[PDB]
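Enquirer: This is the structure I have questions about; it appears just below.
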Amino acid sequence: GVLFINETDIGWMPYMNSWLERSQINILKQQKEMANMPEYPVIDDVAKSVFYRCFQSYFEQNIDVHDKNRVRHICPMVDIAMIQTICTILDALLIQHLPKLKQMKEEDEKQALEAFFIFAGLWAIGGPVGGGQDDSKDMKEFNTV
């Protein structure tokens with residue numbers, strides 16, 4: 001008896017929302033033998049909003065980002081695989097720069113958390129960009145999107 005899940009039905013948004021709220025992560029650390037989990041950073045009320053506002057604005061909205069001809073990957077990256085790499089890099093950026101962010105003011109804190117995404121995304125998507133004949137052009141095609 002076959003139950004076929006479609007990719008759009010479940011999606012990648014549930015992971016992005018569950019990672020922002022720290023819902024899935026929190027439960028696994030508590031209720032497992034995995035005691036060697038690297039403690040995740042605190043996504044403050046502003047810091048959550050700024051990623052939710054951004055994640056949704058550089059994936060749902062951007063058609064260029066998912067255009068195969070613009071973004072020429074090496075391996076055939078699944079959408080969730082890219083969202084996971086954004087999330088792990090955002091984790092590692094926050095933990096490094098958390099006490100500097102909380103000392104900064106509303107405007108310069110927001111513009112960092114925005115930049116921290118753009119950089120996290122840059123590697124998540126642009127990192128696996130490459131292959132073909134001219135790697136240099138598939139880089140300069142992504143470099144413009």
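Each chain in the structure tokens gets a letter, A, B and so on, in the order shown; residues start at 1 in every chain, and ligands are counted from 1 in the order they appear.
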Which residues are near residue 48 in chain A? Cut-off 12 Å, only C-alpha atoms, ignore same chain within fewer than 6 positions. Put them as a list in words.
Expert: residues 16, 17, 18, 19, 20, 21, 22, 41, 42, 54, 55, 90, 94, 110, 113, 114 and 117 of chain A
Enquirer: Could you write out that same residue set with N, CA and C atoms as a PDB file, in the first residue's frame?
Expert:
ATOM      1  N   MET A  16      12.647  25.376   8.654  1.00  0.00           N
ATOM      2  CA  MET A  16      13.038  26.800   8.872  1.00  0.00           C
ATOM      3  C   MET A  16      12.305  27.374  10.098  1.00  0.00           C
ATOM      4  N   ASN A  17      11.003  27.113  10.239  1.00  0.00           N
ATOM      5  CA  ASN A  17      10.176  27.620  11.368  1.00  0.00           C
ATOM      6  C   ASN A  17      10.568  26.896  12.660  1.00  0.00           C
ATOM      7  N   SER A  18      10.760  25.573  12.598  1.00  0.00           N
ATOM      8  CA  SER A  18      11.101  24.704  13.756  1.00  0.00           C
ATOM      9  C   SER A  18      12.519  25.001  14.256  1.00  0.00           C
ATOM     10  N   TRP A  19      13.426  25.374  13.349  1.00  0.00           N
ATOM     11  CA  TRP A  19      14.821  25.785  13.666  1.00  0.00           C
ATOM     12  C   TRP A  19      14.822  27.174  14.321  1.00  0.00           C
ATOM     13  N   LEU A  20      13.942  28.081  13.877  1.00  0.00           N
ATOM     14  CA  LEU A  20      13.825  29.475  14.400  1.00  0.00           C
ATOM     15  C   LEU A  20      13.261  29.459  15.827  1.00  0.00           C
ATOM     16  N   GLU A  21      12.191  28.695  16.046  1.00  0.00           N
ATOM     17  CA  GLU A  21      11.515  28.550  17.362  1.00  0.00           C
ATOM     18  C   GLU A  21      12.377  27.695  18.302  1.00  0.00           C
ATOM     19  N   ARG A  22      13.327  26.915  17.763  1.00  0.00           N
ATOM     20  CA  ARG A  22      14.179  25.949  18.512  1.00  0.00           C
ATOM     21  C   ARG A  22      13.256  24.903  19.139  1.00  0.00           C
ATOM     22  N   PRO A  41      22.679  28.855  19.468  1.00  0.00           N
ATOM     23  CA  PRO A  41      22.538  30.222  19.962  1.00  0.00           C
ATOM     24  C   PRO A  41      21.069  30.595  20.202  1.00  0.00           C
ATOM     25  N   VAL A  42      20.846  31.623  21.024  1.00  0.00           N
ATOM     26  CA  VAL A  42      19.491  32.118  21.404  1.00  0.00           C
ATOM     27  C   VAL A  42      19.025  33.074  20.299  1.00  0.00           C
ATOM     28  N   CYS A  54      13.625  37.406   5.993  1.00  0.00           N
ATOM     29  CA  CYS A  54      14.715  37.273   4.984  1.00  0.00           C
ATOM     30  C   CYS A  54      14.620  35.942   4.222  1.00  0.00           C
ATOM     31  N   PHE A  55      14.643  34.805   4.932  1.00  0.00           N
ATOM     32  CA  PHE A  55      14.489  33.425   4.385  1.00  0.00           C
ATOM     33  C   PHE A  55      13.362  33.385   3.355  1.00  0.00           C
ATOM     34  N   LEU A  90      24.475  30.115   9.893  1.00  0.00           N
ATOM     35  CA  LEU A  90      23.806  31.141  10.748  1.00  0.00           C
ATOM     36  C   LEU A  90      24.016  30.806  12.234  1.00  0.00           C
ATOM     37  N   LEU A  94      26.216  33.384  14.656  1.00  0.00           N
ATOM     38  CA  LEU A  94      25.562  33.978  15.857  1.00  0.00           C
ATOM     39  C   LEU A  94      26.420  33.697  17.095  1.00  0.00           C
ATOM     40  N   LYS A 110      20.414  44.901  13.074  1.00  0.00           N
ATOM     41  CA  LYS A 110      19.528  44.373  11.994  1.00  0.00           C
ATOM     42  C   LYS A 110      20.347  44.166  10.715  1.00  0.00           C
ATOM     43  N   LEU A 113      22.650  41.059  11.061  1.00  0.00           N
ATOM     44  CA  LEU A 113      21.792  39.837  11.003  1.00  0.00           C
ATOM     45  C   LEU A 113      21.312  39.591   9.563  1.00  0.00           C
ATOM     46  N   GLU A 114      21.084  40.662   8.796  1.00  0.00           N
ATOM     47  CA  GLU A 114      20.763  40.630   7.342  1.00  0.00           C
ATOM     48  C   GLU A 114      21.981  40.152   6.544  1.00  0.00           C
ATOM     49  N   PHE A 117      22.909  36.573   7.075  1.00  0.00           N
ATOM     50  CA  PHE A 117      22.084  35.706   6.196  1.00  0.00           C
ATOM     51  C   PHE A 117      22.722  35.679   4.807  1.00  0.00           C
TER      52      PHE A 117
END
Enquirer: Considering only C-alpha atoms, return as a tab-separated table (two decimals) with C-alpha atoms, in the first residue's frame whatever protein or nucleic-acid residues lie within 10 Å of residue 130 in chain A, sequence-local ones (same chain, fewer than 6 positions apart) excluded.
Expert:
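Output below, filename around-v8.tsv:
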chain	number	residue	atom	x	y	z
A	71	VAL	CA	22.61	28.87	-10.62
A	72	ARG	CA	24.58	25.96	-12.25
A	73	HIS	CA	25.20	23.45	-9.35
A	74	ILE	CA	27.74	20.52	-9.47
A	75	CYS	CA	25.52	17.94	-7.64
A	136	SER	CA	34.69	30.79	-13.87
A	137	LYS	CA	31.50	31.72	-15.89
A	138	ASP	CA	29.06	29.60	-13.73
A	139	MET	CA	30.59	31.64	-10.82
A	142	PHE	CA	25.74	33.32	-9.87
Enquirer: Among range 12-71 of chain A, which residues does DSSP mark as helix (DSSP H, G or I) when it is run on the backbone? Keep the chain and numbering as in the structure and answer as an NGL selection string.
Expert: :A and (13-21 or 24-30 or 45-55)
Enquirer: Please provide as a PDB file with N, CA and C atoms, in the first residue's frame all residues within 10 Å of residue 66 in chain A, with the sequence filter that same-chain residues fewer than 6 positions apart are discarded (counting only C-alpha atoms).
Expert:
ATOM      1  N   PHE A  59      13.954  33.195  -1.082  1.00  0.00           N
ATOM      2  CA  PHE A  59      13.630  31.835  -1.587  1.00  0.00           C
ATOM      3  C   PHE A  59      12.243  31.833  -2.248  1.00  0.00           C
ATOM      4  N   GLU A  60      11.153  32.021  -1.492  1.00  0.00           N
ATOM      5  CA  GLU A  60       9.784  32.124  -2.074  1.00  0.00           C
ATOM      6  C   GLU A  60       9.793  33.147  -3.217  1.00  0.00           C
ATOM      7  N   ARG A  72      24.123  27.249 -11.658  1.00  0.00           N
ATOM      8  CA  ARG A  72      24.577  25.961 -12.252  1.00  0.00           C
ATOM      9  C   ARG A  72      25.326  25.162 -11.174  1.00  0.00           C
ATOM     10  N   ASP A  79      16.259  21.204  -2.164  1.00  0.00           N
ATOM     11  CA  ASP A  79      15.995  22.563  -1.613  1.00  0.00           C
ATOM     12  C   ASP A  79      16.316  22.577  -0.114  1.00  0.00           C
ATOM     13  N   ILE A 125      24.114  28.224  -1.252  1.00  0.00           N
ATOM     14  CA  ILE A 125      23.659  28.141  -2.673  1.00  0.00           C
ATOM     15  C   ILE A 125      24.886  28.223  -3.584  1.00  0.00           C
TER      16      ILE A 125
END
Enquirer: Can you tell me, as a CSV table (one decimal) with C-alpha atoms, in the first residue's frame, what residues are no more than 12 Å from residue 98 in chain A when counting only C-alpha atoms, ignoring any on the same chain fewer than 6 positions away?
Expert:
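Printed below is selection38.csv as written:
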chain,number,residue,atom,x,y,z
A,40,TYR,CA,22.7,26.4,19.7
A,41,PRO,CA,22.5,30.2,20.0
A,42,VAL,CA,19.5,32.1,21.4
A,43,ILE,CA,17.4,33.5,18.4
A,44,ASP,CA,16.2,36.7,20.2
A,47,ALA,CA,16.9,38.0,15.4
A,90,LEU,CA,23.8,31.1,10.7
A,91,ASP,CA,24.2,29.0,14.0
A,92,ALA,CA,28.0,29.3,13.8
A,104,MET,CA,25.0,47.1,19.2
A,109,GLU,CA,22.3,44.9,14.7
A,112,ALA,CA,24.5,42.6,10.5
A,113,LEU,CA,21.8,39.8,11.0
A,116,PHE,CA,25.0,37.3,8.3
Enquirer: Take CA of residue 101 in chain A and CA of residue 119 in chain A and report the distance between them in Å, one decimal.
Expert: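 Between these atoms lies a distance of 16.3 Å.
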Enquirer: How many Å lie between CA of residue 27 in chain A and CA of residue 87 in chain A, rounded to one decimal?
Expert: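 Taking CA of residue 27 in chain A and CA of residue 87 in chain A, their separation equals 17.5 Å.
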